[PDB]
Amino acid sequence: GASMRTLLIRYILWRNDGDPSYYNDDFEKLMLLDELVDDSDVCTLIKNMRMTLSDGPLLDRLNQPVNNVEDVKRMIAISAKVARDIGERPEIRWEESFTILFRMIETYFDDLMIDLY
Amino acid sequence: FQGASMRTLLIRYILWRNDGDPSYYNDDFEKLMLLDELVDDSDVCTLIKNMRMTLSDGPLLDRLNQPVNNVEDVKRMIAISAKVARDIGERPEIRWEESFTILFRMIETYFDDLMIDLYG
């Protein structure tokens, strides 16, 4: 694939629904990032992002800085575990969640692709 | 259709119409591919020019100044999104999140009707 954007959208949506038909081996290197976030912190991060039933991960509400590729990988891991824990529901506004994620991490796509691949 | 989200389905479908990657095919997409009949391949260039799209843009449907009043209009918007996504090429600079923001703001209220009309 040519797009980190397309990969991360697919990965996060798959972490949300856990549908084995939507598995791709492209996801295996992204799943390794789960180590960067404790399952115990996920509910804390959801409450810090003031999330309603209509919200996907809203990372800009964590007020945590993104200065390097390691911060990016933590934000992906947070997105994945939050996506996992909030449930597969039609009202989640994924487009708003991805807007915030890519505004935050876009500039580090080169560093990220090197670090993973 | 055994999924809960029209949003998730349409994001996956449009991204697959963009890259044509057979590993990202899903049979969920077959009913969406039938909507291609609502848009002639001949008009796609015209629609792209009318949406004033740059190399960094996905489909920007709100610039068509076309109405969305019923499920049939929603199906045409999906078809336009699919063929434009097909014709603009798989490029990393395309800002898919901006394109999906516009599509779902336009069609979201018709999601229940759409899921019934397509999948039962």
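About the cut-offs
Residues numbered from 1 in each chain as written, not as in the entry; some residues may be left out. Chains lettered and ligands numbered in written order. Heavy atoms only, no water. Contact = heavy atoms within 4.5 Å. Buried area = accessible area lost by both parts, 1.4 Å probe. Salt bridge = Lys/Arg side-chain N within 4 Å of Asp/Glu carboxyl O. Polar contact = N/O pair within 3.5 Å; in protein donor to acceptor, adjacent residues only side chain to side chain. Helix = DSSP H or I, 4+ residues; strand = E, 2+ residues; numbered from the N terminus. Buried < 20%, exposed > 50% of the residue type's maximum accessible area, 1.4 Å probe, protein only.

In the PDB archive, X-ray crystallography is given as the structure determination method for this entry, at a resolution of 2.200 Å.

Before going further, it helps to examine the interface of chain A and chain B. Listed by partner, the interface residues are 27 residues for chain A and 26 residues for chain B. With both chains or domains summed, chain A and chain B bury close to 2400 Å², and 47% of this area falls on carbon and sulfur atoms. Summed over the three residues of chain A that lose the most area to chain B, namely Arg10(A), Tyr22(A) and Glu95(A), the buried surface amounts to 30% of that side. Counting across the interface, chain A meets chain B through 6 salt bridges. At the junction of chain A with chain B, the criterion picks out 12 residue pairs in polar contact. Looking at the side of chain A that touches chain B, the elements that each hand over two or more residues are α1 (4-17) and α5 (94-105) of chain A. The greatest single-element share of the side of chain A that touches chain B, amounting to 8 residues, is contributed by α1(A).

Right, let's talk about unusual backbone geometry for a bit. Residue and element names in this part refer to chain B. Backbone geometry places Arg52, a non-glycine residue, at a positive phi of 55°. Mapping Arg52 onto the fold places it in the loop between α3 (44-50) and α4 (71-88). Accessibility expressed as a relative area gives 69% for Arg52, which makes it exposed. Of note, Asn65 is a non-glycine position whose phi angle comes to about 45°, a positive value. Taking relative accessible area as the criterion, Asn65 reaches 70% and is therefore assigned exposed.

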